[PDB]
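Below you'll find the structure, written out as C-alpha coordinates, and then a few comments.
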Amino acid sequence: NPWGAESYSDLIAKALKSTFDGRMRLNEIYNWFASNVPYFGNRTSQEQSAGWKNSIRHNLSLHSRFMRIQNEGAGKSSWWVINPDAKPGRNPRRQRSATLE
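Offset between the sequence shown (1-based) and the entry's author numbering: plus 341.
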(Lines of atoms letter the chains of each structure in order from A and count residues from 1; the text may use other names and numbers.)
(Lines give C-alpha, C1' and ligand atoms only; values in the text may rest on other atoms or scores of the structure.)
Protein backbone atom coordinates (compact mmCIF):
# COMPACT_ATOMS: atom_id res chain seq x y z
CA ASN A 1 0.00 0.00 0.00
CA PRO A 2 1.34 3.50 -0.91
CA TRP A 3 0.68 4.99 2.54
CA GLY A 4 1.88 2.11 4.71
CA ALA A 5 0.54 -1.13 6.13
CA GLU A 6 -2.94 0.17 6.86
CA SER A 7 -5.50 -1.18 4.50
CA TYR A 8 -7.52 0.83 2.06
CA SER A 9 -10.73 0.01 3.84
CA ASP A 10 -9.02 0.97 7.18
CA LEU A 11 -8.26 4.44 5.95
CA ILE A 12 -11.34 4.69 3.69
CA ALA A 13 -13.51 4.02 6.69
CA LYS A 14 -11.56 6.65 8.70
CA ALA A 15 -12.20 9.15 5.95
CA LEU A 16 -15.81 8.19 5.65
CA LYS A 17 -15.95 8.41 9.47
CA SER A 18 -15.56 12.17 9.23
CA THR A 19 -19.23 12.41 7.99
CA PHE A 20 -20.21 8.70 8.09
CA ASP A 21 -23.75 9.35 9.18
CA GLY A 22 -24.62 11.06 5.97
CA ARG A 23 -22.35 10.86 2.99
CA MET A 24 -18.83 11.61 1.99
CA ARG A 25 -17.97 12.75 -1.38
CA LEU A 26 -15.58 10.63 -3.29
CA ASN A 27 -13.34 13.63 -3.84
CA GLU A 28 -13.50 14.45 -0.11
CA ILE A 29 -12.20 10.94 0.55
CA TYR A 30 -9.23 11.65 -1.73
CA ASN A 31 -8.75 15.00 0.00
CA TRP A 32 -8.82 13.23 3.36
CA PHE A 33 -5.85 11.09 2.34
CA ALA A 34 -4.02 14.04 0.83
CA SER A 35 -4.52 16.02 4.01
CA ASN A 36 -3.95 13.26 6.63
CA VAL A 37 -1.32 11.29 4.79
CA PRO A 38 1.89 13.20 3.88
CA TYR A 39 2.55 10.89 0.92
CA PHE A 40 -0.75 11.88 -0.65
CA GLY A 41 -0.20 15.52 0.08
CA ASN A 42 2.60 15.09 -2.45
CA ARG A 43 0.11 13.61 -4.90
CA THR A 44 -2.66 16.10 -5.46
CA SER A 45 -2.23 16.96 -9.14
CA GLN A 46 -4.20 15.11 -11.87
CA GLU A 47 -1.52 12.61 -12.84
CA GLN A 48 -0.11 12.57 -9.35
CA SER A 49 -3.31 11.42 -7.79
CA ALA A 50 -4.98 9.45 -10.63
CA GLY A 51 -3.17 6.22 -9.86
CA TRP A 52 -3.90 6.09 -6.18
CA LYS A 53 -7.45 7.17 -6.97
CA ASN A 54 -7.61 4.16 -9.29
CA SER A 55 -6.45 2.05 -6.38
CA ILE A 56 -9.26 3.34 -4.13
CA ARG A 57 -11.72 3.04 -7.04
CA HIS A 58 -10.50 -0.49 -7.73
CA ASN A 59 -11.32 -1.53 -4.18
CA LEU A 60 -14.58 0.47 -4.18
CA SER A 61 -15.64 -1.55 -7.19
CA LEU A 62 -14.53 -4.88 -5.69
CA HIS A 63 -16.03 -4.67 -2.25
CA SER A 64 -19.79 -4.60 -2.24
CA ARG A 65 -19.49 -3.28 1.33
CA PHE A 66 -19.02 0.07 -0.28
CA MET A 67 -22.12 1.40 -1.94
CA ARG A 68 -23.15 4.56 -3.68
CA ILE A 69 -25.85 6.67 -2.33
CA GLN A 70 -28.38 7.90 -4.79
CA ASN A 71 -28.42 11.55 -5.49
CA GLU A 72 -30.20 13.07 -8.38
CA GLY A 73 -27.36 14.77 -10.16
CA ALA A 74 -25.16 13.92 -13.09
CA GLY A 75 -21.46 14.44 -13.66
CA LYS A 76 -18.58 13.53 -11.37
CA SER A 77 -20.51 14.69 -8.35
CA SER A 78 -21.01 11.28 -6.88
CA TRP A 79 -20.89 10.24 -3.31
CA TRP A 80 -20.95 6.93 -1.62
CA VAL A 81 -21.28 5.41 1.86
CA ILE A 82 -20.35 2.20 3.56
CA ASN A 83 -23.17 -0.29 3.68
CA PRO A 84 -24.71 -0.28 7.20
CA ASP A 85 -25.44 -3.97 6.85
CA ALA A 86 -21.77 -4.65 6.16
CA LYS A 87 -20.29 -2.66 9.00
CA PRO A 88 -20.22 -3.55 12.75
CA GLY A 89 -21.96 -1.80 15.57
CA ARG A 90 -25.47 -2.18 14.30
CA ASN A 91 -26.88 -5.40 12.93
CA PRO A 92 -30.06 -5.28 10.77
CA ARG A 93 -33.31 -5.81 12.71
CA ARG A 94 -34.50 -8.25 10.13
CA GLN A 95 -32.06 -10.89 9.11
CA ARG A 96 -31.45 -10.67 5.42
CA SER A 97 -28.82 -13.25 5.90
CA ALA A 98 -30.72 -15.62 8.16
CA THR A 99 -29.69 -18.83 6.46
CA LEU A 100 -32.87 -20.47 5.21
CA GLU A 101 -32.79 -24.08 6.17
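Each residue gets a CB set at the ideal place from its N, CA and C atoms; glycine is no exception.
Residues in its own chain within less than 7 Å of residue i by CB, not counting five upstream and five downstream?
{"i": "residue 364", "result": "410, 420 and 422"}
{"i": "residue 427", "result": "406"}
{"i": "residue 367", "result": "419, 420 and 421"}
Suppose the cutoff is 6 Å on Cβ atoms and the five residues either side in sequence are ignored; what does the same chain contact list for residue i look like?
{"i": "residue 349", "result": "400"}
{"i": "residue 424", "result": "406 and 408"}
Can you have a look at residue i and say buried or exposed, based on whether 16 or more other CB atoms are within 10 angstroms of its CB?
{"i": "residue 356", "result": "buried"}
{"i": "residue 352", "result": "buried"}
Hey, how far is the Cα of residue i from the Cα of residue j?
{"i": "residue 374", "j": "residue 442", "result": "44 Å"}
{"i": "residue 414", "j": "residue 439", "result": "36 Å"}
Residues in the same chain with beta-carbon distance under 8 Å from residue i, minus the five sequence neighbours each way, listed in chain order, please.
{"i": "residue 431", "result": "425"}
{"i": "residue 376", "result": "382"}
- Task: Let me know the beta strand (DSSP E) ranges lying completely inside the segment 356-414, each 3 residues or longer, listed in chain order.
- Result: 407-409
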